[PDB]
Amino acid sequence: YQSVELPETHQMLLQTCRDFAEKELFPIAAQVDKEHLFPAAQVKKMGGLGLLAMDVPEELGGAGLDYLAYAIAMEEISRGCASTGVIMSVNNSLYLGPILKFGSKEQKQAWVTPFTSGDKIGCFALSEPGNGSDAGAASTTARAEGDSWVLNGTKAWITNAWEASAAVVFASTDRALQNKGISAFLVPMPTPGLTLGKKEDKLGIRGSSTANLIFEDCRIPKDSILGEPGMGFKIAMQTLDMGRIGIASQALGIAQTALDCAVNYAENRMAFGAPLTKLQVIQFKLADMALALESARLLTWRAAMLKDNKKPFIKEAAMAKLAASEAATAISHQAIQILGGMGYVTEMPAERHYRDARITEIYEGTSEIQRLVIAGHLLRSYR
């Protein structure tokens, strides 16, 4: 259930991840951001704990957990480091997720199992320079020739691009079929015909890598296709439905640690004779931050539990992602404000939380796309 008693596997998992975060991520979070340093040693240890492959079956090397467990772990990890959070989220939902749900027995053996322990991680390449929200406009092409698919085109904004050893790539096998002409492919990295673009210099989550995947006469075997030709758009969308629960959970952790920072500070900063928490406006700020965060967690857990129970969860996932991301930006903004001048400098982690929060309103579907998704499903329920 929801806060109303968690199962004890999930409660133990919560404490496990919270212990890992505070011991292994809190002391490195500031350096990862300032040095834009990929946290390889921390990622490997998380692999050992099963956090990089949580809903993956144990026979494939995964933890055998569920998406409520994933959501809890994503929050605790992201509370400690937002970049570490997104690295983990991409491996779980966006890379392993579609291969589990749509892959061959042999594709799972070759592409899931070597990516469950933290020695290798994957990435997800849907967006392109000309189109992100308009995912169905993918114009990277895949052409069948001989025993190969031949890939040509640029994918953009690919998280883990510089550290991953495989990608789920969406390319159009016939642009005239529009979002029925997209297919999904498993692409090893590195590979001939594939070049990495320059790393993006980002506002936040600076410990993750983000770079273009440039395909030029890139040949991969025919059986690299995930599913059948034309399934790619559905594969991408059902993958993002799961991924959005991950990003919602990341935002929950950014929000929680920004709120932790503000409460501790306000309890010890003195003004006009008393701690800041004696001022009414400060109490109201804290109350509204706690309300935004706790209700967005309820939405997140609802989406996660619907998925686990094999129920439709597209609208609920979108709601959780929208609510958590906007709450993470509003809470991190008010945490800066509560710190005052100290909110604006590196002596405190509030300015970093604000920068990290801002991305959760953009990737895996902007807040605008989330609102469209919610409207679409709301109206169908009334029909």
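Note that residue numbering begins at 1 and tracks the sequence as displayed.
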item	value
Per the entry, higher mean C-alpha B factor between 295-303 and 98-106	98-106
Stretch with the greater mean C-alpha B-factor as recorded in the entry, comparing 3-11 against 372-380	3-11
Given 288, 228, 174, 128, the residue at which the Cα B factor reaches its maximum	228
Candidate set 56, 327, 335, 320 [ranked by C-alpha B-factor, highest]	56
Among modelled residues of the same chain, the CA temperature factor third for residue 351	lowest
Chain-wide C-alpha B factor ranking for residue 161, given as lowest, middle or highest third	highest
Record-listed C-alpha B factor of residue 310: chain third	highest
Third of the chain, ranked by Cα B-factor, where residue 36 sits	highest
Ranked C-alpha temperature factor of residue 283 among modelled chain residues, by third	lowest
